[PDB]
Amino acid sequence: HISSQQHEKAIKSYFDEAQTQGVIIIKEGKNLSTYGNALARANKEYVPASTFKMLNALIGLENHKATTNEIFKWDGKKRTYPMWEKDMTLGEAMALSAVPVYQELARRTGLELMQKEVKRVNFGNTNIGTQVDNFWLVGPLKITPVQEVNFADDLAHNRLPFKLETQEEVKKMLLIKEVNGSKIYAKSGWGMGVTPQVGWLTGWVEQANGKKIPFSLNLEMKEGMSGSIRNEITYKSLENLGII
């Protein structure tokens, strides 16, 4: 059927079209496949930005800093977006990328317990520095695309070091799409507080047959660029490969 050359060329063109530089790592079993127009990005470290919420939620829930039904009330102070000026659960904050909610969860957890938990799960370079409420947005915490797909892979298969129920609670927060019998779980991310700006879309597809195929899209976000491009490129790549 389709040659590997054609698949690589098609996915590369998806990034070229967006006029940006990026990569998308696909994992099948133990095998990693790297596609895109800037393959060397696969092993380079970038702030995780919003993708860190996945782990933030895992930690908070596990260490009883919150429950999946707890409503984090908006304090009435102006937020970056109107959509964030409301009361929401962790899951809702997850789908809305409600950073203010996760900064509160981070503060509840505390620096010491956070550094110890990040270290314990071995996330990225595992360094969160001294500011417990922004280490995943402007550093020092960093992680590579390869590490992100492995994290997605682990969560998808419940291999992370947390109660089975905790991982399941968080996975439920990540369902972002259903395509032709396939379910797509993922967390987007956009580090605007760093230069250059990094974009993420890390998750996995759950196929009808039950097989889970993890992936991590990582690229450079440029102003005047839509966050939906990450989603378009990811879906087109997944589809081109016949994943969905």
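The first residue of the shown sequence is 1; numbering continues from there.
Comparing 156-164 with 142-150, the higher mean C-alpha B-factor in the PDB entry belongs to 156-164.
For the two regions 178-186 and 36-44, the entry's Cα B-factors average higher over 178-186. Sorting 87, 169, 104, 92 by the CA temperature factor given in the entry leaves 169 at the top. Placement of the Cα temperature factor of residue 208 within the chain: highest third of the modelled residues, per the deposited record.
Ranked by Cα temperature factor within the chain, residue 12 sits in the lowest third according to the deposited record. In this PDB entry, residue 193 carries a Cα temperature factor that places it within the highest third of its chain's modelled residues. Residue-level temperature factors show residue 137 in the middle third of its chain, judged at the C-alpha atom. Among all modelled residues in its chain, residue 83 ranks in the middle third by Cα B-factor.
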